[PDB]
Ligand code: NA
């Protein structure tokens, strides 16, 4: 149906916007602390601590399968990246501090992305 097609064109345009949002968010992580999943080989206890791991590569895989239906879903995953890190790592660490910075800087990007997703529909 043409209705189905038009919904698919909306999903695709959301996907394009979310890709640019994701690149912008990831530039706020020049150290690449959040680039890849935490390794269970190097933090073998990780999953006793953190129930839903997230990272930018996993977000990117989901994005390219057009797996985000809206901005809310994408933001939930970005938030898990931050929130996971701030629980596992202590306040005095380079990891926790990189999370705080990503959060603060990412908040600006997401503020306007929310207006672009509303605005362009
Ligand atoms: Na903690």
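Residue numbers (the working numbering): 87 to 207. By construction, the Cβ of each residue, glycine as well, lies at the ideal position given by its N, Cα and C atoms.
Restricted to the region 89-135, the alpha helix (DSSP H) segments that are unbroken, complete and at least 4 residues in length are 132-135, listed in chain order. Here residue 114 is actually not in contact with residue 207; their C-beta atoms are around 27 Å apart, not less than 8 Å. For the pair residue 188 and residue 148, the Cα-to-Cα distance works out to about 20 Å. Relative to the ligand NA, the beta carbon of residue 137 is positioned no closer than 6 Å to any heavy atom. In the three-state reduction of the DSSP assignment, residue 193 falls in the helix class.
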